[PDB]
Amino acid sequence: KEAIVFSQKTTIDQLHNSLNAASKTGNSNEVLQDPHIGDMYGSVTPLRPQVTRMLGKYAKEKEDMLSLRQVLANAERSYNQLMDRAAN
Amino acid sequence: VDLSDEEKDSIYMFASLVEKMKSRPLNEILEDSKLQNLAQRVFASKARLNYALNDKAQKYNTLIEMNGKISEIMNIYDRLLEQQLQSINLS
């Protein structure tokens with residue numbers, strides 16, 4: 001289901017660029033109309049929610065892994081220290 | 001691609017346990033097994049954690065990026081429709 005959104009990775013770019021080309025021409029109507037632009041908007045616009053969701057998720061997860069890694073980071077150090085006194 | 005709770009639980013476990021051992025009357029007194037077999041698992045787990053961590057970050061960015069564009073789209077399209085409707089109004 002995550003794929004439902006990562007797929008649109010290109011439509012977004014596409015719609016972006018074309019709309020962008022417009023905002024620097026003031027041809028307004030043309031782009032505003034045109035079924036294709038409508039079409040891409042009609043499929044991108046609705047991803048806001050899903051996309052909003054996924055952001056929080058991976059936002060969290062990334063936060064967690066970093067905290068866990070930090071913990072592991074420390075234990076390792078401790079381990080190694082305790083180990084050093086095992087060398088000699 | 002995703003760390004399990006079992007793996008995650010072996011970390012605070014190992015970490016904590018390392019302290020119960022921080023100052024004990026020998027090193028071998030710890031290098032008996034439970035510590036060494038635990039360490040082994042935990043250490044191996046570094047690679048998955050990173051692999052898993054990296055994947056989360058990557059995605060997030062791909063998603064930050066996508067979002068950004070989406071905004072800009074739903075930002076231009078308005079600025080354009082706005083003027084367009086104003087023109088009509090100014091008549």
# chains A, B, ... in the order shown; residues from 1 in each chain; ligands from 1

call {"tool": "closest_atom_pairs", "arguments": {"of": "chain A", "to": "chain B", "cutoff": "6 Å", "atoms": "only C-alpha atoms", "output": "tab-separated table"}}
result
residue	atom	partner	partner_atom	distance
A:16	CA	B:73	CA	5.5
A:28	CA	B:80	CA	5.7
A:58	CA	B:56	CA	5.7
A:62	CA	B:56	CA	5.4
A:65	CA	B:53	CA	5.4
A:75	CA	B:15	CA	4.5

call {"tool": "write_last_selection", "arguments": {"atoms": "C-alpha atoms", "output": "PDB file, in the first residue's frame"}}
result
ATOM      1  CA  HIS A  16       5.089  19.785 -10.742  1.00  0.00           C
ATOM      2  CA  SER A  28      -3.122  30.494 -16.537  1.00  0.00           C
ATOM      3  CA  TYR A  58       8.990   6.766   9.010  1.00  0.00           C
ATOM      4  CA  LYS A  62      13.903   6.785  12.136  1.00  0.00           C
ATOM      5  CA  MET A  65      16.499   3.346  15.320  1.00  0.00           C
ATOM      6  CA  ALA A  75      26.804  -0.616  25.676  1.00  0.00           C
TER       7      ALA A  75
END

call {"tool": "residues_around", "arguments": {"residues": "residue A:2", "least_positions_apart": "3", "cutoff": "12 Å", "atoms": "only C-alpha atoms", "output": "count of residues only"}}
result
16

call {"tool": "atom_distance", "arguments": {"atom1": "atom CA of residue B:38", "atom2": "atom CA of residue B:7"}}
result
10.6 Å

call {"tool": "select_by_dssp", "arguments": {"residues": "chain B", "states": "alpha helix (DSSP H)", "output": "number ranges by chain"}}
result
B: 5-22, 34-89

call {"tool": "atom_distance", "arguments": {"atom1": "atom CA of residue A:15", "atom2": "atom CA of residue A:41"}}
result
7.1 Å

call {"tool": "closest_residue", "arguments": {"among": "B:88, B:44, B:30, B:1", "to": "residue A:82", "atoms": "only C-alpha atoms"}}
result
B:30

call {"tool": "atom_distance", "arguments": {"atom1": "atom CA of residue A:33", "atom2": "atom CA of residue A:19"}}
result
11.3 Å

call {"tool": "decode", "arguments": {"residues": "stretch 57-70 of chain B", "atoms": "N, CA, C and O atoms", "output": "short mmCIF file (atom, residue, chain, number, x, y, z; two decimals), in the first residue's frame"}}
result
data_model
loop_
_atom_site.label_atom_id
_atom_site.label_comp_id
_atom_site.auth_asym_id
_atom_site.auth_seq_id
_atom_site.Cartn_x
_atom_site.Cartn_y
_atom_site.Cartn_z
N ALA B 57 15.41 6.41 6.95
CA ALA B 57 15.88 7.76 6.60
C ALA B 57 15.64 8.05 5.13
O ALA B 57 15.03 9.06 4.76
N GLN B 58 16.16 7.15 4.30
CA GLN B 58 16.02 7.20 2.85
C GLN B 58 14.56 7.49 2.49
O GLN B 58 14.26 8.52 1.89
N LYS B 59 13.68 6.59 2.85
CA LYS B 59 12.28 6.75 2.60
C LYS B 59 11.74 8.11 3.03
O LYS B 59 11.10 8.81 2.25
N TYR B 60 12.00 8.45 4.28
CA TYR B 60 11.56 9.72 4.83
C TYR B 60 11.89 10.86 3.86
O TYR B 60 11.02 11.66 3.51
N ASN B 61 13.14 10.91 3.40
CA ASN B 61 13.57 11.95 2.47
C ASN B 61 12.81 11.90 1.16
O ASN B 61 12.34 12.93 0.65
N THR B 62 12.71 10.69 0.59
CA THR B 62 11.98 10.49 -0.65
C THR B 62 10.56 11.04 -0.49
O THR B 62 9.94 11.52 -1.43
N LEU B 63 10.10 10.95 0.73
CA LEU B 63 8.75 11.36 1.12
C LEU B 63 8.68 12.85 1.47
O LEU B 63 7.68 13.52 1.18
N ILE B 64 9.74 13.36 2.11
CA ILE B 64 9.80 14.78 2.39
C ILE B 64 9.73 15.43 1.03
O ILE B 64 8.90 16.31 0.77
N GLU B 65 10.63 14.97 0.16
CA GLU B 65 10.76 15.46 -1.21
C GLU B 65 9.46 15.43 -1.99
O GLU B 65 9.08 16.41 -2.62
N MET B 66 8.78 14.29 -1.97
CA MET B 66 7.51 14.16 -2.66
C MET B 66 6.53 15.17 -2.10
O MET B 66 5.86 15.89 -2.83
N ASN B 67 6.45 15.23 -0.78
CA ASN B 67 5.54 16.16 -0.14
C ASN B 67 5.80 17.58 -0.62
O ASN B 67 4.88 18.29 -1.05
N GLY B 68 7.07 18.00 -0.54
CA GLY B 68 7.45 19.33 -0.97
C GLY B 68 6.85 19.66 -2.32
O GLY B 68 6.15 20.65 -2.48
N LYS B 69 7.13 18.81 -3.30
CA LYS B 69 6.60 19.00 -4.63
C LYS B 69 5.08 19.09 -4.57
O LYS B 69 4.50 20.04 -5.09
N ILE B 70 4.44 18.13 -3.92
CA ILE B 70 2.98 18.16 -3.82
C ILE B 70 2.48 19.51 -3.34
O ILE B 70 1.53 20.06 -3.88
#
